[PDB]
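Engineer: Following this message is one structure expressed as structure tokens.
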Amino acid sequence: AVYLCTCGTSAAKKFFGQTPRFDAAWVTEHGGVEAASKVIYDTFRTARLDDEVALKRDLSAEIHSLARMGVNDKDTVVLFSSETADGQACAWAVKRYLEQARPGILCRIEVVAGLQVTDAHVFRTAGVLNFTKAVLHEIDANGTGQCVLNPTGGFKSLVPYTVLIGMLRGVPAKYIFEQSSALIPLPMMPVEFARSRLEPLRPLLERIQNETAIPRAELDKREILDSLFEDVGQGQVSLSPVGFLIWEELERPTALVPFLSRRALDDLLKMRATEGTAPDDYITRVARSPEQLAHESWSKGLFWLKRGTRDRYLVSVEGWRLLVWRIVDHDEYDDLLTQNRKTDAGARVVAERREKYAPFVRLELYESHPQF
Amino acid sequence: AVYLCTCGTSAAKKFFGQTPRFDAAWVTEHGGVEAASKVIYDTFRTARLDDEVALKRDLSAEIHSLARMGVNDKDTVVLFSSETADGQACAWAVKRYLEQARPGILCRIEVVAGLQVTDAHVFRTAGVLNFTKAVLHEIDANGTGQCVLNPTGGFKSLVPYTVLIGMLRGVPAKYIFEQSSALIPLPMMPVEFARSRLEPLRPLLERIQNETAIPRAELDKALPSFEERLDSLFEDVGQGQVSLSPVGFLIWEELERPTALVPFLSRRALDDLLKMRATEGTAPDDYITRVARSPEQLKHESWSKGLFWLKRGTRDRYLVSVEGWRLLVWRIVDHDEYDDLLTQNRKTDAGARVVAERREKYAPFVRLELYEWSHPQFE
């Protein structure tokens, strides 16, 4: 498995309360990050992963949690460190211990720019965004289902971002519960992405990504506005992690929502006698996997799907919307292919979009409690 | 403002590292929760709310965060405490301090059964549910826009539930960021309830709420294939039995008492709406969506079968009913057809006659989400 770990400074706990205190200057005095990480590591290098007293008392929160996850020599551990020298020295100490305890394990330290414990503004405009980007890159750069989010080791402030990333990418998250030696999963609430209400923001999110920041006044031209954006000065806003996650989903959808043209809803209702709700289930199933969806092709991005079955589907994709223009049996399918041999059939379909096909309506059909 | 604060033991930080350590036995040795809270309070009683060094170094995380929020003598502070004696003694110490610092402040300590730092099983069953229900009850017991969630003081493990509660009830949540002295909001992702995917579970969740738990075998019969699942709604409570988790509780509550409706148009109503495009555009769409988002804004001329009429402001009228979370729009009509329909309802039980034709004339209802290309075509 690939463990994506937040990292704190609990590796250095033996130094808490001593003077000189453990801080960045301590790291320098002890020779820099790598040299200082050996001094830190030495304080717990004899603690065994099998010793329950040492696991809780002597070992770092990262090591305790990874041991409870059954970390082994076939795993990868990615330690997301603060940019500070003492943060990094602790992460390197954890790496040293994991490599000694489980020879062959792959352990990588990812330093997150702007992630630190003293400057809230740098955290909220850069640190947490860099964290979110780096974690999402790692999820997308490993195999599906392989990642586990482990927020045990530091930054209470990063817990909600781990929850959101986990909800969105389908990645589980676990941590050690308070003073116990027991893991618990973070809660994940099943939700749908609010695509229809967020879509009008798509050009503004793209503008911020291309231009770094735009005037806050463009946002209004209200809870969504506050949660997607960060004030950065001079009346300008950039993205929050939530704004970044929404921008990324709008630019590169990971699910589609099916819509039926006016004609396709008629088509579907006539199929109810022969096929029941099998056509509904199929379209809904196809919309869930736009990568797998990525056929007999027309112009204008129109193309044909076949469920198995008499029914064939003339569709296109516009952003996150899977548009079903027609649902036809084999005879009408053959007639439509003949029209495309004689004419540019796709161009004629879109020419009639407004008069014949629009509005497209979401494929969510409703067909003993007290009244309102 | 009503500050809903999760508490920890930072009030007792002056006793950390001592032997005997600060714990439940320490509270007992110092006379119990009330008496021990005075001993804890005495260690910082002389620290001042306007002293910047004291705020960042000497005062508890609850006090520091409340100070940065501008707590004052007209506010209410609810201190959600662990059930442990040391947790409670700290909460009472914070109460003692706030009442001296802001005389007239209303401060109450809410002891959350099952909330504690050593038993993960009791936490994940009783503790988080009791916390969730206590916070939700306080939100619903105060006026709209009055509550602020403050997770600073303790329990890293409760932050995710504060986030979900804040998201679902639209209540702000702020906290002191790490070792800074600055407040930052919890992130709030705008999401849509997966109502179509969750509605099939309404009778299952109601059944679970009517029993102490249900056997896993019965859950598995009610749920789809194991490899295609929803598991976050449920919590194992031992001996092969399952109850609702806080996530399952929040979903169940919303299914039973919706806080927003989703408008659907009958087959006839979408025809009606499209004929109004020329004169009205999408103003009818906006009205229907607006009154659905607010069950308080949602009514006149009741018919039978739960049907009733709405008026936008304009001659159009809407024949509607509510089924669970769905605002069903049966017809949209002009003033003349409205009058003629009222006439049919004086001569007959018109609502009964409408419902008799549900399958043939009105079903299926379609979600009022109408789409009506400047990006690269799908790859």
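Chain labels run A, B, ... following the order of the structure tokens; each chain numbers its residues from 1, and ligands are numbered from 1 in the order shown.
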At a cut-off of 8 Å, using only C-alpha atoms, what residues contact range 220-227 of chain A? Leave out same-chain residues fewer than 3 positions from it and give the result as a list in words.

Structural biologist: residues 216, 217, 230, 240, 242 and 243 of chain A; 187, 188, 189 and 190 of chain B

Engineer: For chain A, which residues have at least one atom within 7 Å of chain B, if we go by only C-alpha atoms? Write them as a compact mmCIF listing (two decimals) with C-alpha atoms, in the first residue's frame, please.

Structural biologist:
# COMPACT_ATOMS: atom_id res chain seq x y z
CA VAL A 117 2.88 26.19 12.20
CA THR A 118 3.32 29.95 12.75
CA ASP A 119 1.94 31.94 9.79
CA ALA A 120 -1.79 31.42 9.21
CA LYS A 156 -4.79 19.20 13.23
CA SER A 157 -5.42 21.94 10.67
CA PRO A 160 -10.37 18.45 7.10
CA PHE A 177 -7.47 7.84 18.24
CA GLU A 178 -6.21 10.27 20.91
CA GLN A 179 -4.34 8.47 23.70
CA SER A 180 -5.40 4.99 22.63
CA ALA A 182 -6.26 2.08 18.22
CA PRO A 187 -15.93 9.72 8.50
CA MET A 188 -16.82 10.01 4.83
CA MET A 189 -20.20 11.23 3.87
CA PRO A 190 -21.55 10.10 0.48
CA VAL A 191 -22.38 13.25 -1.49
CA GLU A 192 -22.80 14.32 -5.10
CA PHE A 193 -20.58 17.02 -6.56
CA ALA A 194 -22.67 20.20 -6.87
CA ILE A 224 -19.69 29.23 -2.07
CA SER A 227 -15.28 28.66 0.76
CA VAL A 242 -11.88 23.56 -2.10
CA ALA A 294 -13.34 7.54 -23.79
CA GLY A 301 -18.78 15.31 -31.15
CA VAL A 317 -20.34 14.93 -23.89
CA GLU A 318 -20.27 18.61 -22.91
CA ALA A 358 -33.37 21.51 -26.00
CA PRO A 359 -33.93 21.74 -23.10
CA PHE A 360 -31.94 18.72 -21.98
CA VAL A 361 -33.27 17.44 -18.65
CA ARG A 362 -31.39 15.49 -16.02
CA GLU A 364 -33.50 11.51 -12.65
CA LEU A 365 -37.00 10.14 -13.16
CA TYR A 366 -39.50 9.80 -10.32
CA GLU A 367 -42.13 7.14 -11.09
CA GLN A 371 -48.81 15.18 3.31
CA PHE A 372 -47.01 18.52 3.46

Engineer: Any chance you could list, as a list in words, the residues in range 114-292 of chain B that come up strand (DSSP E or B) when DSSP is run on the backbone?

Structural biologist: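 DSSP on the backbone gives strand (DSSP E or B) at residues 147, 148, 149, 150, 173, 174, 175, 176, 183, 184, 185, 191, 192, 193, 214, 215, 234, 235, 236, 241, 242, 243, 244, 262, 263, 264 and 265 of chain B.
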
Engineer: Applying 10 Å and only C-alpha atoms, which residues near residue 95 in chain B remain after dropping the ones on its own chain fewer than 3 positions away? List them as a ChimeraX atom specification.

Structural biologist: /B:37,41,63,77-79,89-92,98-101,105-109

Engineer: What residues in range 20-227 of chain A get the DSSP label alpha helix (DSSP H)? Please answer as a PyMOL selection string.

Structural biologist: chain A and resi 24-29+33-42+52-57+61-68+85-101+120-122+128-140+159-169+195-198+202-211+217-220+223-227

Engineer: Please, what distance in Å, to one decimal, runs between CA of residue 147 in chain A and CA of residue 87 in chain A?

Structural biologist: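 Distance between the two atoms: 23.2 Å.
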
Engineer: For residue 310 in chain A, work out the shell of residues within 12 Å, counting only C-alpha atoms and skipping chain neighbours fewer than 4 positions away, then give it as a PyMOL selection string.

Structural biologist: chain A and resi 271+274-275+278-279+305-306+327-334

Engineer: So how far away is CA of residue 101 in chain A from CA of residue 46 in chain A, in Å?

Structural biologist: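 Distance between the two atoms: 10.2 Å.
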
Engineer: Could you check how far CA of residue 123 in chain A sits from CA of residue 232 in chain A, in Å to one decimal?

Structural biologist: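 Separating CA of residue 123 in chain A from CA of residue 232 in chain A is a distance of 11.9 Å.
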
Engineer: Would you kindly return, as a PyMOL selection string, each protein, DNA or RNA residue with an atom no farther than 10 Å from any atom of range 27-32 of chain B, considering only C-alpha atoms and excluding same-chain residues fewer than 2 positions away?

Structural biologist: chain B and resi 22-25+34-40+84-90

Engineer: Residue 36 in chain A: which residues within 7 Å, counting only C-alpha atoms, same-chain residues fewer than 6 positions away excluded, as a PyMOL selection string?

Structural biologist: chain A and resi 27+30+89

Engineer: Just the selected residues (N, CA, C and O atoms), exported as a tab-separated table (two decimals), in the first residue's frame, please.

Structural biologist:
chain	number	residue	atom	x	y	z
A	27	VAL	N	18.57	22.14	14.95
A	27	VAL	CA	18.95	21.35	13.78
A	27	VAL	C	20.30	21.79	13.22
A	27	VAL	O	21.16	20.96	12.89
A	30	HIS	N	23.29	20.78	15.35
A	30	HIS	CA	23.58	19.36	15.27
A	30	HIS	C	23.92	18.93	13.86
A	30	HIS	O	23.95	17.73	13.57
A	89	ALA	N	13.79	17.52	9.77
A	89	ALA	CA	14.66	16.64	10.55
A	89	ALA	C	13.87	15.51	11.22
A	89	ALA	O	14.32	14.36	11.26

Engineer: Hey, which of A:200, A:143, A:370, A:253 ends up closest to residue 319 in chain A? Count only C-alpha atoms.

Structural biologist: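 Answer, going by the shortest atom-to-atom distance: A:253.
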